[PDB]
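**Student:** File name final_7.txt; file contents compact mmCIF, C-alpha atoms; full text below.
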```
# COMPACT_ATOMS: atom_id res chain seq x y z
CA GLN C 174 -9.47 3.98 -37.42
CA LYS C 175 -7.55 5.30 -34.37
CA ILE C 176 -6.60 8.68 -32.83
CA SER C 177 -3.52 10.49 -34.19
CA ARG C 178 -2.04 10.47 -30.65
CA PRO C 179 -2.29 6.86 -29.38
CA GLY C 180 -0.86 5.53 -26.10
CA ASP C 181 2.75 4.43 -25.48
CA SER C 182 4.80 2.15 -23.17
CA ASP C 183 1.84 -0.27 -23.40
CA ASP C 184 0.28 1.77 -20.54
CA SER C 185 2.71 -0.09 -18.21
CA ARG C 186 0.08 -2.90 -18.21
CA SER C 187 -2.00 -3.94 -15.17
CA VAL C 188 -2.22 -6.85 -12.71
CA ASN C 189 -3.91 -5.78 -9.43
CA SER C 190 -4.41 -2.83 -7.05
CA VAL C 191 -2.80 -4.81 -4.20
CA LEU C 192 0.83 -4.39 -3.07
CA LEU C 193 3.33 -6.08 -0.76
CA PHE C 194 5.72 -4.06 1.43
CA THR C 195 8.94 -5.11 3.20
CA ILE C 196 11.25 -3.12 5.50
CA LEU C 197 15.03 -3.54 5.10
CA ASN C 198 16.38 -1.76 8.23
CA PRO C 199 13.55 -1.84 10.81
CA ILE C 200 14.83 0.16 13.80
CA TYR C 201 11.74 2.35 14.41
CA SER C 202 8.03 1.70 15.01
CA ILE C 203 5.64 1.06 12.10
CA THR C 204 1.82 0.89 12.19
CA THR C 205 -1.18 1.11 9.85
CA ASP C 206 -1.20 4.87 10.58
CA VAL C 207 2.42 5.29 9.41
CA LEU C 208 1.88 3.28 6.21
CA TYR C 209 -1.34 5.21 5.50
CA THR C 210 0.29 8.65 5.78
CA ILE C 211 3.06 7.64 3.34
CA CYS C 212 0.65 5.92 0.89
CA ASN C 213 -2.15 8.54 0.90
CA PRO C 214 -0.15 11.26 -0.99
CA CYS C 215 0.44 8.64 -3.74
CA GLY C 216 -3.27 7.76 -4.08
CA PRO C 217 -6.51 6.87 -2.23
CA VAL C 218 -5.77 3.90 0.06
CA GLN C 219 -8.57 1.46 0.98
CA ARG C 220 -6.98 -0.92 3.51
CA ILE C 221 -3.70 -1.99 5.18
CA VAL C 222 -2.44 -4.99 7.19
CA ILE C 223 0.93 -5.66 8.88
CA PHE C 224 2.98 -8.73 9.85
CA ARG C 225 6.10 -8.91 12.07
CA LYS C 226 6.20 -12.50 13.41
CA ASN C 227 9.38 -12.75 11.29
CA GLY C 228 11.13 -9.61 10.00
CA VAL C 229 8.75 -6.71 9.23
CA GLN C 230 6.31 -6.62 6.29
CA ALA C 231 2.95 -5.09 5.33
CA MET C 232 0.31 -4.99 2.58
CA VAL C 233 -1.64 -2.10 1.02
CA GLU C 234 -4.62 -1.73 -1.33
CA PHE C 235 -5.93 1.24 -3.35
CA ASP C 236 -9.23 2.21 -4.99
CA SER C 237 -7.60 1.82 -8.43
CA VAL C 238 -4.59 0.04 -9.94
CA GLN C 239 -3.57 3.47 -11.28
CA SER C 240 -2.96 4.48 -7.65
CA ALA C 241 -1.07 1.25 -6.89
CA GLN C 242 1.14 1.88 -9.94
CA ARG C 243 2.04 5.34 -8.57
CA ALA C 244 2.44 3.96 -5.03
CA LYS C 245 5.34 1.58 -5.75
CA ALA C 246 6.75 4.05 -8.31
CA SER C 247 7.18 6.74 -5.60
CA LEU C 248 7.61 4.68 -2.38
CA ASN C 249 9.99 1.87 -3.43
CA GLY C 250 13.47 2.29 -1.92
CA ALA C 251 12.07 5.23 0.10
CA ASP C 252 12.56 5.98 3.82
CA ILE C 253 10.03 7.08 6.46
CA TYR C 254 12.62 8.57 8.86
CA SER C 255 15.03 10.03 6.25
CA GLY C 256 17.21 7.02 7.14
CA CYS C 257 16.71 3.33 8.01
CA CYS C 258 13.31 1.60 7.85
CA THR C 259 13.94 1.61 4.08
CA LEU C 260 10.98 0.37 2.03
CA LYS C 261 10.79 -2.32 -0.67
CA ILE C 262 7.61 -2.74 -2.73
CA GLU C 263 6.22 -5.29 -5.21
CA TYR C 264 2.79 -6.61 -6.29
CA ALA C 265 1.05 -9.19 -4.08
CA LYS C 266 -0.40 -12.52 -5.25
CA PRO C 267 -4.12 -11.92 -4.36
CA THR C 268 -6.37 -9.56 -6.34
CA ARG C 269 -8.07 -8.29 -3.15
CA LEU C 270 -7.29 -7.91 0.57
CA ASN C 271 -9.63 -8.13 3.58
CA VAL C 272 -9.87 -6.55 7.06
CA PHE C 273 -11.55 -7.68 10.29
CA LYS C 274 -11.07 -4.68 12.61
CA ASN C 275 -9.30 -1.31 12.97
CA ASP C 276 -6.11 -1.21 15.08
CA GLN C 277 -2.32 -0.74 14.74
CA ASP C 278 -1.98 -4.17 13.04
CA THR C 279 -4.75 -3.83 10.42
CA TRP C 280 -7.07 -1.00 9.34
CA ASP C 281 -9.78 -0.29 6.75
CA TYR C 282 -10.56 3.13 5.23
CA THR C 283 -13.56 2.24 3.02
CA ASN C 284 -15.82 0.28 5.43
CA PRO C 285 -19.11 1.99 6.44
CA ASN C 286 -18.15 1.32 10.09
CA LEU C 287 -14.47 2.36 10.19
CA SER C 288 -15.22 4.32 13.42
CA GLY C 289 -13.70 7.69 14.41
CA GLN C 290 -13.26 10.27 17.19
CA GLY C 291 -14.48 13.48 15.49
```
Step by step, read the file and then write its structure as structure tokens.
**Tutor:**
Amino acid sequence: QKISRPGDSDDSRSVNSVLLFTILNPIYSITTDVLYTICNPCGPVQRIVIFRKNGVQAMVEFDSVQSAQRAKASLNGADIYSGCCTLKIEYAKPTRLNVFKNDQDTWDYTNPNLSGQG
């Protein structure tokens, strides 16, 4: 019928591999390179985009929802400078993000033309 060691916690369910980020005390610089180096040790990132026309916010996407589940479970309420620029994470409303170019405002890490310098 079923294995003698079934799953638990309903596998924490699933919704999407896309996340929404917000900064609470923005007093230092933030770019797609800063959000990538704090999201990469939590899982393989695929793309990032940033918005600061009002406050400071960003969005991130991973190669699997399993990596997005670990991302907000280890980066929510975190800090990038051991103080201030405190993070706040939740799931975003789309099921996929998109990128148009690679710069400090948006970047893609899975395109076949992501460019490089070495």
**Student:** List as an MDAnalysis selection string the protein and nucleic acid residues near residue C:274, meaning an atom at most 12 Å away when all atoms listed in the file are counted, but skip any in the same chain fewer than 3 places from it.
**Tutor:** chainID C and resid 205 220:222 271 277:282 284 286:288
**Student:** Produce a file of the selected residues containing C-alpha atoms, as a compact mmCIF listing (two decimals), in the frame of the given file.
**Tutor:**
```txt
# COMPACT_ATOMS: atom_id res chain seq x y z
CA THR C 205 -1.18 1.11 9.85
CA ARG C 220 -6.98 -0.92 3.51
CA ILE C 221 -3.70 -1.99 5.18
CA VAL C 222 -2.44 -4.99 7.19
CA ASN C 271 -9.63 -8.13 3.58
CA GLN C 277 -2.32 -0.74 14.74
CA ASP C 278 -1.98 -4.17 13.04
CA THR C 279 -4.75 -3.83 10.42
CA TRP C 280 -7.07 -1.00 9.34
CA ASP C 281 -9.78 -0.29 6.75
CA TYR C 282 -10.56 3.13 5.23
CA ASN C 284 -15.82 0.28 5.43
CA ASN C 286 -18.15 1.32 10.09
CA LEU C 287 -14.47 2.36 10.19
CA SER C 288 -15.22 4.32 13.42
```
**Student:** Determine the nearest neighbour of residue C:249 from the options C:208, C:236, C:224, C:263, counting only C-alpha atoms.
**Tutor:**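 Among the listed residues, the smallest separation from residue C:249 belongs to C:263.
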**Student:** Which residue is closest to residue C:229? Choose from C:199, C:267, C:285, C:180 and count only C-alpha atoms.
**Tutor:** C:199
**Student:** I'd like the interatomic distance between atom CA of residue C:216 and atom CA of residue C:195, to a tenth of an Å.
**Tutor:**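 Rounded to one decimal, the two atoms are 19.2 Å apart.
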**Student:** Which value, in Å to one decimal, gives the distance between atom CA of residue C:269 and atom CA of residue C:246?
**Tutor:**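 Here the two named atoms are 20.0 Å from each other.
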**Student:** Could you check which of C:275, C:230, C:247, C:239 is closest to residue C:196, using only C-alpha atoms?
**Tutor:**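 Once distances to residue C:196 are computed over only C-alpha atoms, the minimum belongs to C:230.
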**Student:** Restricting the calculation to all atoms listed in the file, which member of C:233, C:244, C:211, C:200 is positioned closest to residue C:256?
**Tutor:**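 Smallest distance to residue C:256 is found for C:200.
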**Student:** Show me as a list in words the residues that reach within 10 Å of (12.9, 4.4, -4.0), counting only C-alpha atoms and using the file's own coordinates.
**Tutor:**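 Taken together, the residues in range are residues 245, 246, 247, 248, 249, 250, 251, 252, 259, 260, 261 and 262 of chain C.
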**Student:** Name all residues at most 12 Å from residue C:266 (count all atoms listed in the file; drop same-chain ones fewer than 3 positions away) and give them as a ChimeraX atom specification.
**Tutor:** /C:188-193,232,263,269-270
**Student:** Quick check, in Å to one decimal: how far apart do atom CA of residue C:217 and atom CA of residue C:235 lie?
**Tutor:**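 That distance, rounded to one decimal, is 5.8 Å.
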**Student:** Which of these residues is nearest to residue C:283, using all atoms listed in the file: C:197, C:207, C:231, C:218?
**Tutor:**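 Result for the nearest residue to residue C:283: C:218.
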**Student:** Go through C:219, C:255, C:227, C:182 and flag the residue nearest residue C:272, using all atoms listed in the file for the distances.
**Tutor:** C:219
